[PDB]
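Here the structure is laid out as structure tokens; the discussion comes afterwards.
Any read-out appearing in this document is the output of simple, stated calculations on the displayed coordinates, not a laboratory observation. All Cβ positions, even for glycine, are placed from backbone atoms using ideal geometry, and neighbour counts span all protein chains on display.
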Amino acid sequence: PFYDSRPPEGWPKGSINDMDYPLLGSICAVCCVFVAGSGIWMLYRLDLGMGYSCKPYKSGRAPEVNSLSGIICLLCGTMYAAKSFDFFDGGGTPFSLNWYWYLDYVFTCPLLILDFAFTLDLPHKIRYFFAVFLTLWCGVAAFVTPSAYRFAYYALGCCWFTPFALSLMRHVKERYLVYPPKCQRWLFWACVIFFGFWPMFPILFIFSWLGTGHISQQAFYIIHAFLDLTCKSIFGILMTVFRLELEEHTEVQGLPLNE
Amino acid sequence: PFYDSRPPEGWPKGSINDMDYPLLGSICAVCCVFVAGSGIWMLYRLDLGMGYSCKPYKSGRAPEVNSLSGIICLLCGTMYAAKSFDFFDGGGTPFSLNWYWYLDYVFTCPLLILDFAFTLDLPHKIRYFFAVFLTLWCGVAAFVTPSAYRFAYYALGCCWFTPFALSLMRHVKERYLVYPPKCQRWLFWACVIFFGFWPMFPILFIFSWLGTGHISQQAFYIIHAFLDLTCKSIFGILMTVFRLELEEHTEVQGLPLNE
Amino acid sequence: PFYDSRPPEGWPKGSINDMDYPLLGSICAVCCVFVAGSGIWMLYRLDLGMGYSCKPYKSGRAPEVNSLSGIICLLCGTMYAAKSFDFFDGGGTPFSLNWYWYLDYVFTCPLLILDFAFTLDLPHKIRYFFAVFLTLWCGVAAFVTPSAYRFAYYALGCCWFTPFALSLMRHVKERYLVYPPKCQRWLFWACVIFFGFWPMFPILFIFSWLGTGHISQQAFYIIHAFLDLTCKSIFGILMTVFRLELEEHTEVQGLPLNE
Ligand SMILES: *C/C=C(C)/C=C/C=C(C)/C=C/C1=C(C)CCCC1(C)C
Ligand SMILES: *C/C=C(C)/C=C/C=C(C)/C=C/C1=C(C)CCCC1(C)C
Ligand SMILES: *C/C=C(C)/C=C/C=C(C)/C=C/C1=C(C)CCCC1(C)C
Ligand SMILES: [K+]
Ligand SMILES: [K+]
Ligand SMILES: [K+]
Ligand SMILES: [K+]
Ligand SMILES: [K+]
Ligand SMILES: [K+]
Ligand SMILES: [K+]
Ligand SMILES: [K+]
Ligand SMILES: [K+]
Ligand SMILES: [K+]
Ligand SMILES: [K+]
Ligand SMILES: [K+]
Ligand SMILES: [K+]
Ligand SMILES: [K+]
Ligand SMILES: [K+]
């Protein structure tokens, strides 16, 4: 979708693309390594077996949806490797995963909510998937729109995230009482990460360079690198641990849920 | 995928983009509101229960594929909100869902045929999905190609829609005798909308500005807004009512199908 | 995603796009016809019945995943029809499926590995799908990157294909002993095509115009046309024949597998 490119003399001084590119490339490389390693660990732990006792799967293989967390983390890590390649080249690279904001998210976050719904057996998985998909596409549209109508696109996204976040929460509550306290301990932190950091993105939009202008694009890249390290890597680790505790309770010990 | 933009002095007079943009923006906003409200109603009615008696679901949740109609309608409504944003900005907006014809359809219509197949238990759901996908991509290619080879792409699309429409019809007939007359009443109008309005798009191509030149791009936008009002909103409402009648016959009353 | 176009005077002499376009268009048309016909034959044979005796399906329809091979072949054939349209127009066509290398593959090869996993009941189908997806996107990034960092993207792809190919092979071996010798005969040639021709693409990258410079873009197009003739058409035919033999062994004759 690219039309712009880095000028032969470099990015104009004072522009939003006049950024510390070696630093952002190093940060993206570190994030890539961490998130890819976390996803590899989640996949390996899932293949180890059910629960903390590593009870072998009856079919000999893990459920396919259970590998969503590791796949999302590895995909995010490879996206961050591409981002580091783009940043180390000075930005404006033909295959830039940094240029179009939230364009890389339309692959990870719908999958992330799908994994969250599959782990918690949340209803309307397709509805949540498409809600997150449309919210992220509204964000991409707002970030590529140079006029005031971007705040319309933002608002359109806010017309999707506000109900979805209000719906999911309620549904999550209906599941929260079902699970044992040991699994509830990890579910609490997964929900904290979700309902605390997902709302951060729309708030960070307001104070970005296309909002009040308080956060620059470089600071935006750093903040979103930390957010992806939290929203994908740490959230996936917490989902893996919650799944291990649930399998230990229900499959290893044979105990029923509080439903 | 964008390269062109609205010239600083505006669209050249007499060009295909010299269009009544406030009117098209208002039409797109009205279509967005109507289709999004219809999709919200479909999802709410699906969550109400099975059939006209609103019999509660045994699992407590509706089937995931049953929410396809409302999801398609909400996605189309948000696409039309984006279209109204693009039109009210004067067109040629970086995130324009109006520029590339049938590009927005590659998300709605494959899902639409998937929903139709799931509701009627039609065979080869993946085959129909990919047939519609390839037909719409051939249409996008024909609309972005400025040479005569666009009529090749159009022909390629006609090499996909003609068999598919001839196949689906036959398969639909095999299902039409299965359902009771009350459900057949809604199935008749759903099939009327399908086999009447889906062929309209290739016919409208012939008389468009890249065909015979009788229908301008503004008139094309209005006609396709009405078509999406019929093909997505009304067709989804008819699918919801047919599903309600089928659930009343088979689940509420326990009566069997005529198979 | 297009920004470049064929210059009004034509492609500059000596450039990578100064190619024999009538010849490439004819080759692409022949490949389109062959692959589309092969996919049509696979779908028709699948609809005929299970095994060589054409035992009717109990549900009256073939499994949906069983039609993946024919769908992939038909999609590749239509992509090659579009490629022939682009080449016959002189290249640089707005909807060019030839410009961005491996961009058309991100639709066929993830589906190809999905079909291979479904036919052989290979574990971690989603993992293999996403591994191939990310490998192909790394290839697209390497082919659109003009700097040395393309060899980074290539390396990133080599960081995905090398484990996946090493994993799938092992998993394939676990399935190879399960199947009878008659099905093993077709599985051997399917695995030969896979593990011989899939590694060819990264090797062909090294000697292409963005590598050592020994293979031109025209020769690359011809070689990849033959590869798609082998990797999609012949591999799909071998999958269809292996499925027929497996259904004859297990469904027609009722014999069990060697598991
Ligand atoms: C790892 C990345 C994650 C979890 C990204 C999440 C993204 C969102 C919650 C998106 C938020 C937006 C909307 C609420 C509308 C306005 C635009 C966005 C993209 C900031
Ligand atoms: C709500 C939108 C709908 C139902 C769109 C349907 C689209 C088609 C039936 C597409 C038709 C085309 C072909 C038959 C080939 C030539 C190009 C098209 C896109 C006009
Ligand atoms: C019909 C097309 C097929 C089977 C294509 C297969 C593609 C690959 C095995 C891709 C290979 C690549 C990597 C190993 C990384 C470097 C870039 C590629 C695209 C050459
Ligand atoms: K799961
Ligand atoms: K996992
Ligand atoms: K990007
Ligand atoms: K970005
Ligand atoms: K940017
Ligand atoms: K349905
Ligand atoms: K619905
Ligand atoms: K568009
Ligand atoms: K349009
Ligand atoms: K246009
Ligand atoms: K299969
Ligand atoms: K097949
Ligand atoms: K292409
Ligand atoms: K190509
Ligand atoms: K090229």
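How high is the relative contact order of chain A, in percent, with contacts defined as C-alpha pairs under 8 Å that are six or more residues apart?
Worked out over chain A, it gives 25 percent.
From the label point of B:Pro1, set 7 Å from Cα along Cα→Cβ, how far away are the matching label points in the other copies, in nm, ordered shortest to longest?
1.2, 1.2
Would you mind computing Rg(Cα) / (2.2 N^0.38 Å) for region C:101-259, counting N as its residues?
1.14
In whole Å, what are the extents of region B:173-259 along the principal axes defined by its C-alpha atoms, from largest to smallest?
Taking max minus min along each principal axis of the Cα atoms, region B:173-259 gives 55, 22, 12 Å.
Could you give log10 I(q)/I(0) at q = 0.20, 0.22 Å⁻¹ for region A:1-145, computed by the Debye formula over C-alpha point scatterers of equal weight, without solvent?
Reported log10 I(q)/I(0), two decimals: -1.21, -1.32.
Among C:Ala190, C:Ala81, C:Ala219, which one shows the biggest mean-square fluctuation in a GNM of chain C, springs joining Cα atoms closer than 10 Å?
Largest GNM mean-square fluctuation: C:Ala219.
If I model a spin label at B:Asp18 and A:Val178 as a point 7 Å from the Cα along the Cα→Cβ vector, what separation in nanometres do I get?
Label-label distance for B:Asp18 and A:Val178, simple model: 6.2 nm.
Pairing the Cα long axis of helix C:68-88 with the longest principal axis of chain C, what angle in degrees results, from 0 to 90 and rounded to the nearest 10?
The angle comes out at about 20 degrees.
So what is the diffusion coefficient of region B:105-189 in µm² per second by Stokes-Einstein at 4 °C and 1.567 mPa s, using a Kirkwood Rh over Cα pairs?
93
Can you list the copy-to-copy distances for A:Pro181, using a point 7 angstrom from Cα toward Cβ, in nanometres, shortest first?
6.4, 6.4
Give the Cα extents of the protein assembly as shown along the principal axes, in whole Å, largest first.
Reported extents, whole Å, longest axis first: 66, 57, 57.
Under a Cβ-only charge scheme (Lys and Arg +1, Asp and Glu -1), can you give me the dipole magnitude of region B:75-216 about the Cα centre, in debye to the nearest 20?
500
In which sequence would A:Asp47, B:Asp20 go, from the one with the fewest C-beta neighbours within 10 Å to the one with the most?
B:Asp20, A:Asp47
To make sure I understand the rule: partners must be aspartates and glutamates, Cα under 18 Å from the Cα of A:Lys13, and not fewer than 8 residues away in the same chain. Which ones qualify?
Counting by Cα, and skipping residues close in sequence, A:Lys13 has these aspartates and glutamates nearby: A:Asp4, A:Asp89.
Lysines within cross-link reach of B:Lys173: Cα-Cα under 28 Å, excluding same-chain residues under 8 positions apart?
B:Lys125, B:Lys182, B:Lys232, C:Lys55, C:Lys58
Got the B:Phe151 label distances to the other copies yet, label 7 Å along Cα→Cβ, in nm, shortest first?
5.0, 5.0
Where the centre of each part is set by its Cα atoms, how far does region A:7-76 sit from region B:118-168, in angstrom?
37
Note down the nm distance, to one decimal, between modelled labels 7 Å out along Cα→Cβ at C:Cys54 and at B:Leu255.
Result: 3.9 nm between the two label points.
What spacing in nm lies between the two simple spin-label points modelled at B:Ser5 and B:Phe226, each 7 Å away from Cα in the Cβ direction?
Distance between label points: 3.6 nm.
What ranking of A:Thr119, B:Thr250, A:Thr93 emerges when the number of other C-beta atoms within 10 Å of each C-beta is taken as an exposure proxy, fewest first?
Final ranking by Cβ density, sparse to dense: B:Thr250, A:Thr119, A:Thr93.
Which one, C:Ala62, C:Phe129, C:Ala165, projects farthest toward the positive side of the charge dipole computed for the protein assembly as shown from Cβ point charges (K/R +1, D/E -1)?
So the residue furthest toward the plus end is C:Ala62.
With loop defined by DSSP as not H, G, I, E or B, and exposure as at most 15 other Cβ atoms within 10 Å, which is the longest segment of chain B clear of exposed trypsin sites (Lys or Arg not before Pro)?
B:59-259
How would C:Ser233, B:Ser216 line up from fewest to most surrounding beta-carbon atoms within 10 angstrom?
Listed from fewest to most nearby Cβ atoms, that is B:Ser216, C:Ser233.
Please tell me the relative contact order of region A:49-162 in percent, rounded to the nearest whole number, where contacts are Cα pairs under 8 Å and at least six residues apart.
Reported as a whole number, the value is 20 percent.
Over region C:27-79, what is the mean sequence separation of C-alpha contacts under 8 Å (at least six apart), divided by residue count, expressed as relative contact order in percent?
56
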